[PDB]
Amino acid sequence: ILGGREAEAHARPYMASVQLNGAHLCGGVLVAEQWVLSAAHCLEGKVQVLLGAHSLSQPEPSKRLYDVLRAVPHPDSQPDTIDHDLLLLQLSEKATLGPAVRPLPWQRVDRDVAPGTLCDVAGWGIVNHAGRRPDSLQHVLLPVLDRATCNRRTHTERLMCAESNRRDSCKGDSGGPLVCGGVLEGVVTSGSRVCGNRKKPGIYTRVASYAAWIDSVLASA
């Protein structure tokens, strides 16, 4: 997260850290008791998920790490694209929910967010262009752009864009949430891109666009 501020401890309880060998790799969103939604190139090996956290390092009453039973990348995703860039991770066991750990509702209604709406993006991604990794969760409020602006700058119905005027998501915020009026609208994409540049907006997979896939995987809870 660039141009942001420290999040308040535990105030965003859906936030997950997707990890490889005890290192934060990707954002994720608790979307059910045993499933975390992330991006498809996060996975790409022994994968684990950390819930309940503000600091990555420090002892906190609510922190807990989990193993992964099963990775289900979208079957049309390809290594070389950010099309269908979603990933469902089945935890090895159901998570212990509470004030600091709970699922965030995701947008089932296939409708665009109102342009200019400030949504909230959080992550343990880099907080500067020298790639500094924050211990504690950061966040930043960001305005959503209209679909036409999203098509022109960058280049489909399956992606959305947000303004990035030195405030942006970046590397390691991948797989993480764009939250708008308390609801998950975007999943930060997981291919590399320029961050913090007005002209090259951040890109987010429209979760609504994949309602049928997500249901069909979780159709077995």
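Don't overthink the numbering: it's just position in the shown sequence, from 1. Whichever C-alpha set is largest while still superposing within 1.5 Å between the two forms counts as the rigid core.
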Just give me the stretch that moves more in 7 other deposited structures of this protein: 100-108 or 141-149, judged by RMS C-alpha distance after a core fit. 141-149
So which moves more in 7 other deposited structures of this protein by CA, 74-82 or 88-96, given a superposition on the core? 74-82
Note how many residues of the deposited chain are left out of the model between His155 and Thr156; the options are none, 1 to 3, 4 to 9, and 10 or more. 4 to 9
Between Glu44 and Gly45, what class does the number of missing deposited residues fall in: none, 1 to 3, 4 to 9, or 10 or more? 4 to 9
As stated in the PDB record, which stretch has the larger average Cα B-factor, 22-30 or 45-53? 45-53
Taking the mean of the C-alpha B-factors per stretch from the entry, tell me the winner out of 194-202 and 9-17. 194-202
When you compare the CA B-factors of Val140, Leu97, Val127, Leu87 as listed in the entry, which one comes out on top? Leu97
Chain third (lowest, middle, highest) by recorded CA B-factor, residue given as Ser62: middle
Split the chain's modelled residues into thirds by Cα B-factor; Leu218 lands in the middle
Considering only modelled residues of the same chain, in which third does the CA B-factor of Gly123 rank: lowest, middle or highest? lowest
Would you please rank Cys150 by its C-alpha temperature factor against the other modelled residues of its chain and give the third it falls in: lowest, middle or highest? highest
Ordered by C-alpha B-factor within the chain, which third holds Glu185? Give me lowest, middle or highest, please. lowest
